$ cat input07.cif   # mmCIF, C-alpha atoms
data_coords
loop_
_atom_site.label_atom_id
_atom_site.label_comp_id
_atom_site.auth_asym_id
_atom_site.auth_seq_id
_atom_site.Cartn_x
_atom_site.Cartn_y
_atom_site.Cartn_z
CA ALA A 40 -0.99 23.29 5.05
CA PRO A 41 -1.33 19.52 5.59
CA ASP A 42 -4.03 19.19 2.91
CA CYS A 43 -1.54 20.03 0.13
CA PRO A 44 0.99 17.52 -1.24
CA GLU A 45 4.57 18.48 -0.45
CA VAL A 46 5.62 18.46 -4.13
CA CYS A 47 2.41 19.83 -5.68
CA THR A 48 0.99 23.35 -5.95
CA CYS A 49 -2.32 24.20 -4.27
CA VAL A 50 -4.54 27.28 -4.34
CA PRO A 51 -7.44 28.14 -2.02
CA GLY A 52 -10.69 26.41 -2.94
CA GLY A 53 -9.37 22.86 -3.12
CA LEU A 54 -7.52 23.14 -6.44
CA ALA A 55 -4.27 21.14 -6.66
CA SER A 56 -1.86 20.79 -9.58
CA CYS A 57 0.78 18.05 -9.72
CA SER A 58 1.62 18.16 -13.44
CA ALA A 59 5.10 18.48 -14.96
CA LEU A 60 6.64 17.04 -11.79
CA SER A 61 7.75 13.61 -13.11
CA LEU A 62 5.74 11.76 -10.47
CA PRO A 63 6.23 7.98 -10.82
CA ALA A 64 3.03 7.26 -8.86
CA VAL A 65 0.13 9.03 -7.15
CA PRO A 66 1.42 11.48 -4.50
CA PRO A 67 0.61 10.34 -0.95
CA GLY A 68 -1.42 12.15 1.69
CA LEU A 69 -4.57 13.05 -0.23
CA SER A 70 -7.01 15.21 1.72
CA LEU A 71 -10.77 15.74 1.66
CA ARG A 72 -10.40 19.51 1.16
CA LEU A 73 -9.08 19.22 -2.42
CA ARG A 74 -11.80 19.51 -5.06
CA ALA A 75 -9.80 19.45 -8.32
CA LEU A 76 -6.59 17.49 -8.88
CA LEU A 77 -4.12 17.68 -11.78
CA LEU A 78 -1.76 14.80 -12.53
CA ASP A 79 -0.96 15.12 -16.25
CA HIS A 80 2.42 14.70 -17.97
CA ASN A 81 3.70 12.32 -15.30
CA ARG A 82 5.02 8.74 -15.39
CA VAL A 83 2.32 6.88 -13.45
CA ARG A 84 2.38 3.67 -15.48
CA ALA A 85 0.66 1.47 -12.88
CA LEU A 86 -2.24 2.70 -10.76
CA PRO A 87 -2.52 0.96 -7.36
CA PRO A 88 -5.97 0.02 -6.05
CA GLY A 89 -7.38 2.71 -3.80
CA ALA A 90 -4.66 5.11 -4.93
CA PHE A 91 -6.93 8.18 -4.65
CA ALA A 92 -8.10 7.24 -1.15
CA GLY A 93 -8.72 10.11 1.24
CA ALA A 94 -9.92 12.64 -1.35
CA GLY A 95 -13.50 11.40 -1.43
CA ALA A 96 -14.77 14.96 -1.97
CA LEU A 97 -12.65 15.47 -5.10
CA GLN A 98 -14.58 16.58 -8.18
CA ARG A 99 -12.14 16.70 -11.13
CA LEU A 100 -9.32 14.25 -11.85
CA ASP A 101 -6.81 14.64 -14.69
CA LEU A 102 -4.53 11.84 -15.87
CA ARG A 103 -3.87 12.83 -19.49
CA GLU A 104 -0.46 11.93 -20.95
CA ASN A 105 0.61 9.91 -17.91
CA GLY A 106 1.59 6.60 -19.51
CA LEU A 107 -1.42 4.73 -18.16
CA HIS A 108 -1.68 1.19 -19.52
CA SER A 109 -3.40 -0.78 -16.72
CA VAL A 110 -6.04 0.44 -14.25
CA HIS A 111 -7.27 -1.64 -11.32
CA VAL A 112 -10.98 -2.16 -10.73
CA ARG A 113 -10.94 -0.67 -7.21
CA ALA A 114 -8.48 2.17 -7.86
CA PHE A 115 -11.36 4.68 -7.90
CA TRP A 116 -13.19 3.35 -4.84
CA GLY A 117 -14.92 5.97 -2.71
CA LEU A 118 -14.65 8.72 -5.34
CA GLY A 119 -18.41 9.22 -5.39
CA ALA A 120 -18.11 13.00 -5.71
CA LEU A 121 -15.71 12.81 -8.66
CA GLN A 122 -17.26 14.31 -11.80
CA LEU A 123 -14.55 14.98 -14.41
CA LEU A 124 -12.08 12.34 -15.62
CA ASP A 125 -9.35 12.86 -18.24
CA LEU A 126 -7.76 9.46 -18.94
CA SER A 127 -6.98 10.34 -22.56
CA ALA A 128 -3.63 10.23 -24.37
CA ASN A 129 -2.63 7.00 -22.62
CA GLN A 130 -2.08 3.33 -23.54
CA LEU A 131 -5.12 1.70 -21.93
CA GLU A 132 -5.78 -1.44 -23.97
CA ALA A 133 -8.57 -2.89 -21.80
CA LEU A 134 -10.81 -1.78 -18.95
CA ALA B 135 18.39 -12.45 -4.90
CA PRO B 136 18.70 -14.06 -1.45
CA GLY B 137 21.54 -12.84 0.73
CA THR B 138 22.02 -9.57 -1.17
CA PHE B 139 21.60 -7.52 2.02
CA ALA B 140 23.48 -10.12 4.10
CA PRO B 141 26.84 -8.24 4.19
CA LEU B 142 24.91 -5.04 5.05
CA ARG B 143 24.68 -5.60 8.80
CA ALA B 144 24.74 -1.94 9.90
CA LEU B 145 21.58 -0.90 8.04
CA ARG B 146 19.11 1.53 9.58
CA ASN B 147 17.05 2.75 6.60
CA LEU B 148 16.26 0.53 3.62
CA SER B 149 13.87 2.01 1.05
CA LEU B 150 12.22 -0.05 -1.70
CA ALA B 151 9.33 2.22 -2.73
CA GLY B 152 8.01 2.71 -6.25
CA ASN B 153 9.33 -0.66 -7.46
CA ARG B 154 7.79 -3.70 -9.15
CA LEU B 155 8.64 -6.32 -6.48
CA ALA B 156 5.99 -9.04 -6.64
CA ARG B 157 7.10 -10.80 -3.44
CA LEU B 158 9.58 -10.01 -0.67
CA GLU B 159 11.20 -13.04 0.91
CA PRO B 160 12.72 -13.40 4.39
CA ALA B 161 15.70 -15.14 2.79
CA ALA B 162 16.26 -12.17 0.47
CA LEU B 163 16.52 -9.54 3.22
CA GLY B 164 18.34 -11.90 5.59
CA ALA B 165 19.31 -10.94 9.13
CA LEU B 166 19.08 -7.17 9.72
CA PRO B 167 18.98 -6.75 13.51
CA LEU B 168 20.05 -3.09 13.41
CA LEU B 169 17.33 -2.08 10.93
CA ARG B 170 14.88 0.44 12.37
CA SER B 171 12.67 1.49 9.44
CA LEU B 172 11.44 0.19 6.09
CA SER B 173 9.62 1.75 3.13
CA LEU B 174 7.75 -0.53 0.71
CA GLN B 175 5.07 1.84 -0.60
CA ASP B 176 3.80 2.04 -4.19
CA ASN B 177 4.72 -1.60 -4.82
CA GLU B 178 2.95 -4.81 -5.83
CA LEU B 179 3.46 -6.71 -2.55
CA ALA B 180 0.29 -8.79 -2.29
CA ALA B 181 1.40 -10.35 1.00
CA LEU B 182 4.43 -10.82 3.24
CA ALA B 183 5.84 -14.32 3.66
CA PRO B 184 5.65 -15.73 7.21
CA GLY B 185 8.83 -15.30 9.21
CA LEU B 186 9.86 -12.15 7.34
CA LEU B 187 9.03 -10.02 10.38
CA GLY B 188 10.97 -12.27 12.77
CA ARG B 189 14.38 -11.25 11.41
CA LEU B 190 13.85 -7.55 12.26
CA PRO B 191 13.85 -7.29 16.07
CA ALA B 192 14.27 -3.49 16.19
CA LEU B 193 11.97 -2.60 13.28
CA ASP B 194 9.58 0.18 14.33
CA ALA B 195 8.51 2.06 11.16
CA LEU B 196 6.75 0.49 8.18
CA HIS B 197 5.14 2.10 5.13
CA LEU B 198 2.61 -0.04 3.25
CA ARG B 199 0.47 2.47 1.33
CA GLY B 200 -0.42 1.79 -2.29
CA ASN B 201 -0.04 -2.00 -2.30
CA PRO B 202 -2.42 -4.76 -3.47
CA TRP B 203 -2.87 -6.19 0.02
CA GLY B 204 -5.04 -9.31 -0.05
CA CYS B 205 -6.61 -9.23 3.42
CA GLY B 206 -6.72 -12.85 4.51
CA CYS B 207 -4.79 -15.08 6.89
CA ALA B 208 -1.65 -14.54 4.78
CA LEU B 209 -1.18 -11.14 6.48
CA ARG B 210 -1.36 -12.53 10.02
CA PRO B 211 2.33 -11.68 10.71
CA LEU B 212 1.69 -8.20 9.31
CA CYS B 213 -1.45 -7.06 11.14
CA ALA B 214 -0.13 -8.32 14.48
CA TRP B 215 2.82 -5.96 14.00
CA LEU B 216 0.49 -3.06 13.23
CA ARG B 217 -1.33 -3.71 16.51
CA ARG B 218 1.97 -3.38 18.39
CA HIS B 219 3.35 -0.57 16.17
CA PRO B 220 0.42 1.80 15.58
CA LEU B 221 0.87 3.82 12.40
CA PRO B 222 -0.17 7.49 12.29
CA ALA B 223 -3.78 8.20 11.39
CA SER B 224 -2.68 9.72 8.08
CA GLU B 225 -0.68 6.57 7.32
CA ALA B 226 -3.40 4.28 8.72
CA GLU B 227 -5.89 5.86 6.30
CA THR B 228 -3.60 4.92 3.38
CA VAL B 229 -2.86 1.28 4.32
CA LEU B 230 -5.97 -0.48 3.03
CA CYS B 231 -7.21 -3.79 1.68
CA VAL B 232 -7.50 -4.32 -2.08
CA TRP B 233 -9.00 -7.81 -2.46
CA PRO B 234 -11.99 -7.03 -4.77
CA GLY B 235 -15.84 -7.05 -4.74
CA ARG B 236 -17.29 -7.78 -1.26
CA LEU B 237 -13.95 -6.78 0.38
CA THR B 238 -12.65 -3.23 -0.47
CA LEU B 239 -10.23 -0.64 1.06
CA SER B 240 -10.95 -1.94 4.56
CA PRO B 241 -8.37 -0.55 7.01
CA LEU B 242 -5.85 -3.14 8.15
CA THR B 243 -5.69 -1.68 11.67
CA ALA B 244 -9.43 -2.32 12.12
CA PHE B 245 -9.08 -6.11 11.68
CA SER B 246 -8.87 -7.86 15.05
CA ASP B 247 -7.98 -11.48 15.81
CA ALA B 248 -11.57 -12.55 16.49
CA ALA B 249 -12.61 -11.47 12.99
CA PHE B 250 -10.15 -14.14 11.76
CA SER B 251 -10.85 -16.89 14.28
CA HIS B 252 -11.30 -19.16 11.25
CA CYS B 253 -7.64 -18.76 10.28
CA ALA B 254 -5.11 -21.58 10.64
CA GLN B 255 -4.24 -21.89 14.32
CA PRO B 256 -0.92 -23.49 15.32
CA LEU B 257 -0.95 -27.23 15.92
CA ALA B 258 -2.07 -27.99 19.48
CA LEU B 259 -1.68 -31.17 21.54
CA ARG B 260 -5.36 -31.97 22.20
CA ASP B 261 -6.24 -31.59 18.52
CA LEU B 262 -3.12 -33.58 17.62
CA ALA B 263 -4.45 -36.49 19.68
CA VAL B 264 -8.02 -36.16 18.37
CA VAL B 265 -7.08 -36.12 14.68
CA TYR B 266 -5.01 -39.28 15.16
CA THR B 267 -7.62 -41.08 17.27
CA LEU B 268 -10.84 -40.10 15.47
#

$ encode --input "input07.cif" --output "structure tokens"
Amino acid sequence: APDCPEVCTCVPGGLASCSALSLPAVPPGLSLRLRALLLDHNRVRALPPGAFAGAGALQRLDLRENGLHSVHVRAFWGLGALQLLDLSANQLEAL
Amino acid sequence: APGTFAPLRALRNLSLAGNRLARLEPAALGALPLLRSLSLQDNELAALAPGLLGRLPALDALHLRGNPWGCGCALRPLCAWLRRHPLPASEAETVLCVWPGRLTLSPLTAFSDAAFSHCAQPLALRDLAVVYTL
């Protein structure tokens, strides 16, 4: 299905897991039908602005243990339905 | 470094995604007339230097998602290409502005020329006379 990333694993109900895939950045082609996204244990050091664009209906975002050290101000634009954020276990020195 | 791709005349695909390139220069990529596609996604390209597009006559595919595009006059060579080479809707939804605050994730394909009528127009001949004679 087009709503699922080519490298990630999706299950019915909008749940997507992208962890343990050594992703260097956010996978492209986000869809509105995904409700929960996993991205942990990757190598996304830099987060581009508007990276999560397209998945405005997403509810849970995980970024634990992903080497985050700098997050842009507008990277989370349009994620008004997002409820759960896991930015822990990273190297964010300033927000 | 400039001229690195100069001996590579027969190129068709040149991918530079997921890199840390601050700026891409027309002198760096050189003359690539046979190049058909480019991939610059997930990079830090704020803007493309003028004249970069002029050295790629046969370029038809361009990926620009995930870049800190500062939507001003500096992207005039870029947007004009996107008007003539329409990206797919999925790709068009991922190529967005980034310049912060009042401007945010505005689609680049939605910007027309009239919305930037204030941009620097090329030097005319009537204005050239008026600025000298005023």

$ residues_around --input "input07.cif" --residues "segment 245-248 of chain B" --least-positions-apart "5" --cutoff "10 Å" --atoms "only C-alpha atoms" --output "list in words"
residues 205, 210, 213, 214, 217, 240 and 253 of chain B

$ residues_around --input "input07.cif" --residues "segment 189-198 of chain B" --least-positions-apart "6" --cutoff "9 Å" --atoms "all atoms listed in the file" --output "list in words"
residues 151, 160, 163, 164, 165, 166, 167, 168, 169, 170, 171, 172, 173, 174, 175, 176, 177, 179, 216, 219, 221, 225, 228, 229 and 230 of chain B

$ resolve_selection --input "input07.cif" --expression "the PyMOL selection byres ((chain A and resi 43-51) around 10)" --output "list in words"
residues 40, 41, 42, 52, 53, 54, 55, 56, 57, 58, 59, 60, 62, 66, 67, 68, 69, 70, 72, 73, 75, 76, 77 and 78 of chain A

$ residues_around --input "input07.cif" --residues "residue 184 of chain B" --least-positions-apart "2" --cutoff "9 Å" --atoms "all atoms listed in the file" --output "PyMOL selection string"
chain B and resi 159-160+182+186-188+208-212

$ residues_around --input "input07.cif" --residues "segment 90-99 of chain A" --least-positions-apart "5" --cutoff "7 Å" --atoms "only C-alpha atoms" --output "list in words"
residues 65, 69, 70, 71, 73, 74, 75, 76, 114, 115, 117, 118, 119, 120, 121, 122, 123 and 124 of chain A; 200 and 228 of chain B

$ interface_residues --input "input07.cif" --of "chain B" --to "chain A" --cutoff "9 Å" --atoms "only C-alpha atoms" --output "NGL selection string"
:B and (152 or 176-178 or 199-202 or 224-225 or 227-228 or 230-235 or 238-239)
